[PDB]
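Coming up is one lone chain in structure tokens, specifically the form deposited without 4-chloranyl-1~{H}-indazol-3-amine (EQT).
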């Protein structure tokens, strides 16, 4: 399927144990997609002071369209030293590995895979 319904655990930035997916734009997009498939991906909502507490390159989920079954359609965009790889809509948050942190909420998304 071109899209997959996921419910992403929303994590507090200070709880996150593994603060990124790797060391290159290509690696972080690869790892993010693998963790999204394996159900081991968390979401941090972006506010003032969040991104400096996480590791670059960043992987964002961005709104790809204006929401089937409650699921916002999203795609992945990476960012390294102020350059984004991909073009999409509004940021819903930054993806991180989930290793058992307790979420504050869930974000229903339809991921363009």
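Positions refer to the first chain, counted from 1.
A second form of this protein, the form solved in complex with 4-chloranyl-1~{H}-indazol-3-amine (EQT), is not displayed here; the remarks below concern that form.
- In the entry with it bound, residue 108 stays away from 4-chloranyl-1~{H}-indazol-3-amine (EQT), with no heavy atom inside 4.5 Å.
- Although the partner is absent here, residue 36 lies within 4.5 Å of 4-chloranyl-1~{H}-indazol-3-amine (EQT) in the entry with it bound, judged by heavy atoms.
- Residues 4, 6 of 1 to 15 are found to place at least one heavy atom within 4.5 Å of 4-chloranyl-1~{H}-indazol-3-amine (EQT) in the entry with it bound.
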